[PDB]
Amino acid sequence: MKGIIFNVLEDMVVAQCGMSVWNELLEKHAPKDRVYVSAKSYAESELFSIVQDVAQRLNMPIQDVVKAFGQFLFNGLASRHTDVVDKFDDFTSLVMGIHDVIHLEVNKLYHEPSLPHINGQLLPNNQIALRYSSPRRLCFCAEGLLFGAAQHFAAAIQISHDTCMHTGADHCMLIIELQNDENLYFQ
């Protein structure tokens, strides 16, 4: 798990809960003097432990917190990699380019990142079938990231997530419905 994910998580915790809370989390869940260098890889268990601790403090379902993080994360990533996001003029383009364009670039920017496998298929009625696969099972982070992307393009979406690795499949299916964006009028 790259430092950049931890750095965006810090911004979130610091913004919502305060710096004193982040330092608690970090002292408790990370080795002494840990510093997350944005480009370096770190044990994903440190990220999961921090986020689980937050979920418990807030008495929220863990996957609801991961999803909220995901949505915060989209802007954290777009603002730190603005040249990658500015390759797309709308939400649907970006989603269709996650694998072959965005995460292709992430392999040139970072040494050996740990990324999901994603394939998007355009459906009728302004829907997208996004297939997600990862041993890290962060499909709810992916839901949040899609909601973040929607907000980035002033779009409105809904997601159905009825095949899921957490319910025993070897992939998740996220069926994205684009309800509105700047190029959608009546239908």
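A residue's number is simply how far along the shown sequence it sits, counting from 1.
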* Identify the stretch, either 33-41 or 139-147, whose C-alpha atoms have the larger mean B-factor according to the entry. => 33-41
* Asked: So which stretch wins on mean C-alpha B-factor, 23-31 or 124-132?
  -> 23-31
* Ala68 - which third its CA temperature factor falls in, relative to the rest of the chain -> middle
* **CA B-factor placement of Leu174, once the chain's modelled residues are sorted into thirds** => lowest
* Structure fact -> Here the Cα B-factor of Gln158, set against its chain, lands in the third termed middle
* Position of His99 among the chain's modelled residues by C-alpha B-factor, lowest, middle or highest third -> lowest
* **B-factor third for the C-alpha atom of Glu112 within its chain** => highest
